[PDB]
$ cat my_file14.cif   # mmCIF, N, CA and C atoms
data_start
loop_
_atom_site.label_atom_id
_atom_site.label_comp_id
_atom_site.auth_asym_id
_atom_site.auth_seq_id
_atom_site.Cartn_x
_atom_site.Cartn_y
_atom_site.Cartn_z
N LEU N 748 -8.82 -16.87 -25.20
CA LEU N 748 -8.81 -16.68 -26.65
C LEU N 748 -8.79 -15.19 -26.99
N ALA N 749 -9.26 -14.35 -26.06
CA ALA N 749 -9.38 -12.93 -26.35
C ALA N 749 -8.12 -12.16 -25.99
N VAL N 750 -7.43 -12.58 -24.91
CA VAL N 750 -6.20 -11.90 -24.50
C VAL N 750 -5.11 -12.09 -25.54
N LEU N 751 -5.04 -13.29 -26.12
CA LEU N 751 -4.03 -13.53 -27.15
C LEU N 751 -4.40 -12.81 -28.44
N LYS N 752 -5.70 -12.62 -28.68
CA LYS N 752 -6.16 -11.95 -29.89
C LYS N 752 -5.81 -10.47 -29.86
N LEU N 753 -5.76 -9.88 -28.67
CA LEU N 753 -5.38 -8.47 -28.57
C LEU N 753 -3.89 -8.29 -28.78
N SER N 754 -3.09 -9.29 -28.42
CA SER N 754 -1.64 -9.17 -28.55
C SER N 754 -1.22 -9.28 -30.01
N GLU N 755 -1.84 -10.19 -30.76
CA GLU N 755 -1.51 -10.34 -32.17
C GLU N 755 -2.01 -9.16 -32.99
N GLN N 756 -3.11 -8.54 -32.57
CA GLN N 756 -3.51 -7.28 -33.18
C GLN N 756 -2.64 -6.12 -32.72
N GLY N 757 -1.91 -6.28 -31.62
CA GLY N 757 -1.12 -5.20 -31.07
C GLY N 757 -1.93 -4.13 -30.38
N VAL N 758 -3.17 -4.43 -29.98
CA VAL N 758 -4.02 -3.45 -29.31
C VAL N 758 -3.46 -3.11 -27.94
N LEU N 759 -2.86 -4.10 -27.26
CA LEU N 759 -2.40 -3.93 -25.88
C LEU N 759 -1.28 -2.91 -25.77
N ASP N 760 -0.48 -2.75 -26.83
CA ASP N 760 0.56 -1.73 -26.83
C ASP N 760 -0.06 -0.33 -26.81
N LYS N 761 -1.11 -0.13 -27.60
CA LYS N 761 -1.88 1.11 -27.52
C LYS N 761 -2.59 1.22 -26.18
N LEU N 762 -3.03 0.08 -25.64
CA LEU N 762 -3.63 0.09 -24.31
C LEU N 762 -2.58 0.33 -23.24
N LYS N 763 -1.34 -0.09 -23.50
CA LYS N 763 -0.26 0.20 -22.56
C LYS N 763 0.15 1.66 -22.64
N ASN N 764 0.61 2.09 -23.82
CA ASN N 764 1.32 3.37 -23.94
C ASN N 764 0.39 4.56 -23.76
N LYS N 765 -0.93 4.32 -23.76
CA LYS N 765 -1.88 5.36 -23.40
C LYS N 765 -1.68 5.82 -21.97
N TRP N 766 -1.87 4.91 -21.01
CA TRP N 766 -2.06 5.33 -19.63
C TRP N 766 -0.73 5.58 -18.92
N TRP N 767 0.38 5.14 -19.50
CA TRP N 767 1.67 5.43 -18.87
C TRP N 767 2.18 6.80 -19.30
N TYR N 768 1.58 7.37 -20.34
CA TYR N 768 2.09 8.63 -20.88
C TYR N 768 1.08 9.75 -20.68
N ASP N 769 -0.21 9.46 -20.85
CA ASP N 769 -1.23 10.50 -20.73
C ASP N 769 -1.46 10.86 -19.27
N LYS N 770 -1.07 9.98 -18.35
CA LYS N 770 -1.06 10.34 -16.94
C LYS N 770 0.28 10.93 -16.53
N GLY N 771 1.24 10.98 -17.45
CA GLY N 771 2.58 11.39 -17.10
C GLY N 771 2.79 12.86 -16.78
N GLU N 772 2.72 13.70 -17.84
CA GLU N 772 3.10 15.11 -17.98
C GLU N 772 4.62 15.29 -18.01
N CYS N 773 5.37 14.24 -17.70
CA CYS N 773 6.81 14.31 -17.77
C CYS N 773 7.29 13.84 -19.14
N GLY N 774 8.49 14.28 -19.50
CA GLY N 774 9.10 13.82 -20.73
C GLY N 774 9.84 12.51 -20.49
N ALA N 775 9.49 11.50 -21.27
CA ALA N 775 10.20 10.23 -21.23
C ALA N 775 11.34 10.29 -22.23
N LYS N 776 12.40 9.51 -21.97
CA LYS N 776 13.61 9.43 -22.79
C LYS N 776 14.29 10.78 -22.97
N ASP N 777 14.22 11.65 -21.95
CA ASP N 777 14.85 12.97 -22.07
C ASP N 777 16.36 12.88 -21.96
N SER N 778 16.87 11.94 -21.15
CA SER N 778 18.31 11.82 -20.98
C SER N 778 18.95 11.17 -22.20
N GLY N 779 18.59 9.92 -22.48
CA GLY N 779 19.17 9.23 -23.63
C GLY N 779 20.65 8.94 -23.41
N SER N 780 21.49 9.68 -24.14
CA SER N 780 22.93 9.48 -24.10
C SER N 780 23.61 10.78 -23.71
N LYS N 781 24.93 10.70 -23.52
CA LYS N 781 25.76 11.85 -23.19
C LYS N 781 26.83 12.12 -24.23
N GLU N 782 26.69 11.57 -25.44
CA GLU N 782 27.72 11.74 -26.46
C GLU N 782 27.66 13.14 -27.06
N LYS N 783 26.48 13.76 -27.05
CA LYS N 783 26.33 15.08 -27.66
C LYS N 783 27.00 16.16 -26.82
N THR N 784 27.22 15.89 -25.53
CA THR N 784 27.94 16.79 -24.64
C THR N 784 29.35 16.28 -24.32
N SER N 785 29.99 15.63 -25.30
CA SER N 785 31.33 15.11 -25.09
C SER N 785 32.36 16.23 -25.04
N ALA N 786 32.20 17.24 -25.89
CA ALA N 786 33.10 18.38 -25.88
C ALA N 786 32.55 19.48 -24.97
N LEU N 787 33.35 20.53 -24.79
CA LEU N 787 32.83 21.74 -24.17
C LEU N 787 31.77 22.36 -25.07
N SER N 788 30.61 22.63 -24.49
CA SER N 788 29.55 23.32 -25.21
C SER N 788 29.86 24.82 -25.23
N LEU N 789 28.93 25.60 -25.77
CA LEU N 789 29.09 27.04 -25.71
C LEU N 789 28.95 27.54 -24.28
N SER N 790 27.84 27.19 -23.61
CA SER N 790 27.49 27.78 -22.32
C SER N 790 28.46 27.39 -21.23
N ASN N 791 29.23 26.32 -21.45
CA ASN N 791 30.25 25.94 -20.49
C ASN N 791 31.41 26.94 -20.47
N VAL N 792 31.68 27.61 -21.59
CA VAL N 792 32.69 28.67 -21.63
C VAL N 792 32.15 29.94 -22.29
N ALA N 793 30.83 30.14 -22.27
CA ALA N 793 30.27 31.34 -22.89
C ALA N 793 30.53 32.59 -22.06
N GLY N 794 30.89 32.42 -20.79
CA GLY N 794 31.15 33.58 -19.94
C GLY N 794 32.41 34.32 -20.34
N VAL N 795 33.30 33.65 -21.07
CA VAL N 795 34.50 34.31 -21.57
C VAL N 795 34.15 35.25 -22.72
N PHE N 796 33.15 34.87 -23.52
CA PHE N 796 32.60 35.78 -24.52
C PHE N 796 31.88 36.95 -23.87
N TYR N 797 31.32 36.74 -22.68
CA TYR N 797 30.60 37.82 -22.01
C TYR N 797 31.57 38.85 -21.48
N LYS M 1169 18.81 13.85 -24.62
CA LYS M 1169 18.50 13.52 -26.00
C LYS M 1169 19.63 13.91 -26.94
N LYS M 1170 20.15 12.91 -27.66
CA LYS M 1170 21.21 13.14 -28.64
C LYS M 1170 20.58 13.80 -29.87
N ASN M 1171 20.59 15.13 -29.85
CA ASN M 1171 19.92 15.91 -30.88
C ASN M 1171 20.76 16.00 -32.15
N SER M 1172 20.13 16.47 -33.22
CA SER M 1172 20.79 16.73 -34.49
C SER M 1172 20.43 18.12 -35.02
N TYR M 1173 20.38 19.11 -34.12
CA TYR M 1173 19.84 20.41 -34.48
C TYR M 1173 20.83 21.22 -35.30
N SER M 1174 20.31 21.93 -36.29
CA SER M 1174 21.12 22.63 -37.28
C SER M 1174 20.53 24.01 -37.54
N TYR M 1175 21.30 24.84 -38.24
CA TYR M 1175 20.96 26.25 -38.43
C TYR M 1175 20.52 26.52 -39.86
N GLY M 1176 19.80 27.63 -40.06
CA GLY M 1176 19.31 27.97 -41.37
C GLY M 1176 19.95 29.21 -41.95
N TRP M 1177 19.48 29.60 -43.13
CA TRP M 1177 20.07 30.73 -43.84
C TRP M 1177 19.53 32.07 -43.37
N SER M 1178 18.71 32.08 -42.32
CA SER M 1178 18.56 33.30 -41.53
C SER M 1178 19.75 33.47 -40.60
N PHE M 1179 20.29 32.35 -40.10
CA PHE M 1179 21.45 32.42 -39.23
C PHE M 1179 22.73 32.68 -40.02
N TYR M 1180 22.87 32.05 -41.19
CA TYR M 1180 24.10 32.20 -41.95
C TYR M 1180 24.15 33.55 -42.65
N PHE M 1181 22.99 34.13 -42.96
CA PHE M 1181 22.96 35.51 -43.42
C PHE M 1181 23.07 36.46 -42.23
N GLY M 1182 22.68 36.00 -41.05
CA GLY M 1182 22.97 36.75 -39.84
C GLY M 1182 24.46 36.81 -39.55
N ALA M 1183 25.20 35.78 -39.98
CA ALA M 1183 26.65 35.85 -39.94
C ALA M 1183 27.17 36.92 -40.89
N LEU M 1184 26.49 37.10 -42.03
CA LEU M 1184 26.89 38.14 -42.97
C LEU M 1184 26.47 39.52 -42.46
N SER M 1185 25.53 39.57 -41.52
CA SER M 1185 25.17 40.85 -40.92
C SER M 1185 26.30 41.36 -40.04
N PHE M 1186 27.12 40.45 -39.52
CA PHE M 1186 28.29 40.86 -38.76
C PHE M 1186 29.43 41.28 -39.68
N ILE M 1187 29.79 40.42 -40.63
CA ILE M 1187 31.05 40.55 -41.36
C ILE M 1187 31.01 41.74 -42.31
N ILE M 1188 29.86 41.97 -42.96
CA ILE M 1188 29.70 43.14 -43.82
C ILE M 1188 29.74 44.41 -42.99
N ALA M 1189 29.25 44.35 -41.75
CA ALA M 1189 29.34 45.50 -40.86
C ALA M 1189 30.76 45.71 -40.36
N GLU M 1190 31.64 44.72 -40.57
CA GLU M 1190 33.04 44.89 -40.18
C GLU M 1190 33.88 45.41 -41.34
N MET M 1191 33.70 44.85 -42.54
CA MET M 1191 34.52 45.25 -43.67
C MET M 1191 34.14 46.63 -44.18
N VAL M 1192 32.90 47.05 -43.93
CA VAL M 1192 32.50 48.42 -44.25
C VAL M 1192 33.01 49.37 -43.19
N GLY M 1193 32.94 48.95 -41.92
CA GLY M 1193 33.35 49.82 -40.83
C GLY M 1193 34.83 50.12 -40.81
N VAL M 1194 35.65 49.20 -41.33
CA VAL M 1194 37.08 49.49 -41.45
C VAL M 1194 37.35 50.29 -42.71
N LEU M 1195 36.39 50.31 -43.63
CA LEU M 1195 36.58 51.08 -44.86
C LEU M 1195 36.30 52.55 -44.61
N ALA M 1196 35.41 52.85 -43.66
CA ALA M 1196 35.10 54.24 -43.36
C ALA M 1196 36.23 54.90 -42.57
N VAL M 1197 36.95 54.13 -41.76
CA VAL M 1197 38.03 54.69 -40.96
C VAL M 1197 39.18 55.14 -41.86
N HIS M 1198 39.40 54.41 -42.96
CA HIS M 1198 40.41 54.82 -43.94
C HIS M 1198 40.04 56.13 -44.62
N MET M 1199 38.74 56.42 -44.73
CA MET M 1199 38.35 57.78 -45.09
C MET M 1199 38.71 58.75 -43.97
N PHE M 1200 38.41 58.37 -42.72
CA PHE M 1200 38.65 59.26 -41.58
C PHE M 1200 40.13 59.50 -41.36
N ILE M 1201 40.96 58.50 -41.67
CA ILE M 1201 42.40 58.71 -41.71
C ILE M 1201 42.76 59.73 -42.78
N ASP M 1202 42.18 59.58 -43.98
CA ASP M 1202 42.44 60.52 -45.06
C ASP M 1202 41.85 61.89 -44.76
N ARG M 1203 40.56 61.95 -44.38
CA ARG M 1203 39.85 63.23 -44.32
C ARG M 1203 40.27 64.07 -43.12
N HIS M 1204 41.14 63.53 -42.25
CA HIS M 1204 41.79 64.38 -41.27
C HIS M 1204 43.29 64.51 -41.52
N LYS M 1205 43.80 63.92 -42.60
CA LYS M 1205 45.13 64.29 -43.06
C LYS M 1205 45.08 65.48 -44.01
N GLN M 1206 44.03 65.57 -44.83
CA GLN M 1206 43.84 66.78 -45.62
C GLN M 1206 43.13 67.87 -44.82
N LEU M 1207 42.75 67.57 -43.58
CA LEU M 1207 42.45 68.63 -42.62
C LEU M 1207 43.73 69.26 -42.09
N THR M 1208 44.76 68.44 -41.86
CA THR M 1208 46.03 68.96 -41.36
C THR M 1208 46.94 69.38 -42.51
N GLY M 1209 46.74 68.82 -43.69
CA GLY M 1209 47.55 69.17 -44.85
C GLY M 1209 47.28 70.55 -45.40
#
$ encode --input "my_file14.cif" --output "structure tokens"
Amino acid sequence: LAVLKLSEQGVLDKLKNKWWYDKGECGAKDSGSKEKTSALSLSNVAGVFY
Amino acid sequence: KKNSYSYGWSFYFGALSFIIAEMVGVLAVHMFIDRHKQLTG
């Protein structure tokens, strides 16, 4: 009766996302997508400006 | 991360720090063209 009561309150998500992140030190979801680098960026051809 | 980062009016006025330094700098050379023609004149 208590395990289901924590899920409907959503406490377990706070109980989950605490220890997977506070023990981390790494950035999660850093990659995401590659659409923002679809074109040539500056630094890919910035040496021609140099 | 698919960012949405954008620039402010310190950057866009920094663009004016370039262009005004160009249109003034070409204006002084036209003096220097003149002020050494009336040196030779």
$ interface_residues --input "my_file14.cif" --of "chain M" --to "chain N" --cutoff "7 Å" --atoms "all atoms listed in the file" --output "ChimeraX atom specification"
/M:1169-1171
$ axis_aligned_box --input "my_file14.cif" --around "region 759-773 of chain N" --padding-each-side "6 Å" --output "AutoDock Vina command-line options"
--center_x 1.8 --center_y 5.6 --center_z -22.1 --size_x 22.9 --size_y 31.4 --size_z 23.1
$ atom_distance --input "my_file14.cif" --atom1 "atom N of residue 1175 (chain M)" --atom2 "atom C of residue 787 (chain N)"
17.0 Å
$ select_by_dssp --input "my_file14.cif" --residues "chain M" --states "helix (DSSP H, G or I)" --output "MDAnalysis selection string"
chainID M and resid 1179:1191 1193:1203 1205:1208
$ atom_distance --input "my_file14.cif" --atom1 "atom N of residue 789 (chain N)" --atom2 "atom C of residue 1176 (chain M)"
18.9 Å
$ atom_distance --input "my_file14.cif" --atom1 "CA of residue 793 (chain N)" --atom2 "CA of residue 1192 (chain M)"
27.4 Å
